[PDB]
Amino acid sequence: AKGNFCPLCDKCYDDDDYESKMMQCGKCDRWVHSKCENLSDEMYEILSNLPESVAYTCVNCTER
Amino acid sequence: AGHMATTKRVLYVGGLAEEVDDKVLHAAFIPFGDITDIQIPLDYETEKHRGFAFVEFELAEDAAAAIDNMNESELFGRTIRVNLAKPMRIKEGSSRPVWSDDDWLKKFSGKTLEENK
Ligand SMILES: [Zn+2]
Ligand SMILES: [Zn+2]
């Protein structure tokens, strides 16, 4: 495992998650901040609203 | 060559083989100018992309050179396609993507608009 939280920073499930542009993985339930993934805001909205067949995954469901 | 707008944000890529990864998109897109981000979405059962991906430049002019030259480029033995991806900023907080290049991403999932609600 690599923790049930964003491993790319020391932040956690805190109340600030609204502007942290968080996203849930699609084959595991871990949540991650998209800002730590170096993703732009529009880039985030696209890969977050991609179809249910194809989409981006967390650092343990795929290497990035 | 030509384009609908120069833009300064991320751009679209397609016609890729499943063997393509960010290291292939970086080496093929870096000669026009500096890149700052590349990501490939994947299919949940095979961990492969359907031949579509995204790229982001550090400069707005070099992104216009990508759509002007890489749209005729070739990778893995097949032709690729490149175009802008700024005129598709999602209307999150009001509706899902159904009105732009993001709509054809839904048509790509398999029509889907016959059940949109
Ligand atoms: Zn984080
Ligand atoms: Zn995951």
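Residues numbered from 1 in each chain as written, not as in the entry; some residues may be left out. Chains lettered and ligands numbered in written order. Heavy atoms only, no water.

For this entry, the PDB record names solution NMR as the structure determination method.

Draft legend 1. Representation of a negative patch on the surface in the model. Taken together, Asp14, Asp15, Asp16, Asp17 and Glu19 of chain A make up a surface patch of like negative charges. Turning to its location among the elements, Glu19 of chain A is positioned in the segment before β1 (22–24). (Patch = residues over 30% accessible without salt bridge, like charges linked within 9 Å, V, L, I, M, F, W, Y side chains within 5 Å. Areas by Shrake-Rupley, 256 points an atom, 1.4 Å probe, with all protein chains shown as cover. Salt bridge = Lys/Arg side-chain N within 4 Å of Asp/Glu carboxyl O. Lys, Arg positive; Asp, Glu negative; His and termini not counted. Charge placed at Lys NZ, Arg CZ, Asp CG, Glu CD. Helix = DSSP H or I, 4+ residues; strand = E, 2+ residues; numbered from the N terminus.)

Draft legend 2. Region of interest: the coordination of the zinc ion (ligand 1). Residues and elements named next belong to chain A. At the metal site, the zinc ion (ligand 1) is ligated by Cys6 (SG), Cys9 (SG), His33 (ND1) and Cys36 (SG), and these contacts range over 2.0 to 2.3 Å. One can describe the site at the zinc ion (ligand 1) as tetrahedral: its four donor atoms subtend angles covering 107 to 112° at the metal. For the zinc ion (ligand 1), the donor residues sit on a single chain with the sequence spacing C-x2-C-x23-H-x2-C. Each of the two residues, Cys6 as well as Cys9, counts as buried. (Donors = N, O, S within 2.8 Å, 3.2 Å for Na, K, Ca; no water. Tetrahedral: all angles 85-135°; square planar, octahedral: opposite > 155°, others 65-115°. Buried < 20%, exposed > 50% of the residue type's maximum accessible area, 1.4 Å probe, protein only.)

Draft legend 3. Broad picture of the coordination of the zinc ion (ligand 2). Residues and elements named next belong to chain A. Within the first shell, the zinc ion (ligand 2) binds the protein through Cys25 (SG), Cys28 (SG), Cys58 (SG) and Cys61 (SG), at distances of 2.3 Å. The motif formed by the donor residues of the zinc ion (ligand 2), counted along the single chain, is C-x2-C-x29-C-x2-C. Here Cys58 lies in the segment after β3 (54–55) and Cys25 lies in the loop between β1 and β2 (31–33), a separation of 33 residues in the sequence. With respect to class, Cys25 is no different from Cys58; both count as buried.

Draft legend 4. Region of the structure containing the nonpolar core. In this structure, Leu25 and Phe29 of chain B are the most contacted members of the largest nonpolar core, which totals 23 residues. At the level of elements, β1 (11–14), α1 (22–29), β2 (35–39), β4 (52–57), α2 (60–69) and β7 (81–84) of chain B are the ones that each hand at least two residues to this core. When near neighbours in sequence (up to four residues on either side) are disregarded, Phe29 of chain B contacts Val13, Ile35, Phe57, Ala66, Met70, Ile80 and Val82 of chain B. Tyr44 of chain A together with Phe52, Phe54 and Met88 of chain B belong to the second largest nonpolar core, which has 19 residues in total. (Core = buried A, V, L, I, M, F, W, Y, C linked by side-chain atoms within 4.5 Å. Contact = heavy atoms within 4.5 Å.)

Draft legend 5. Region of the structure containing the domain arrangement of chain B. All names here are of chain B. When its domains are assigned, chain B resolves into domain 1 (11–86) and domain 2 (90–117). For domain 1 and domain 2, the distance between their C-alpha centres works out to 22 Å. With five residues of domain 1 at the interface, the matching set in domain 2 holds four residues. Between domain 1 and domain 2, a total of about 330 Å² is buried, with carbon and sulfur atoms accounting for 79% of that surface. When the area that domain 1 buries against domain 2 is broken down by residue, the three leading residues are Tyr12, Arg50 and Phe52, summing to 70%. Inspection of the region where domain 1 meets domain 2 yields zero salt bridges. Counted by class, the side of domain 1 that touches domain 2 contains three nonpolar, one polar and one charged residues. (Domains from an automatic or database assignment. Buried area = accessible area lost by both parts, 1.4 Å probe. Nonpolar A, V, L, I, M, F, W, Y, C, P; charged D, E, K, R; others polar.)

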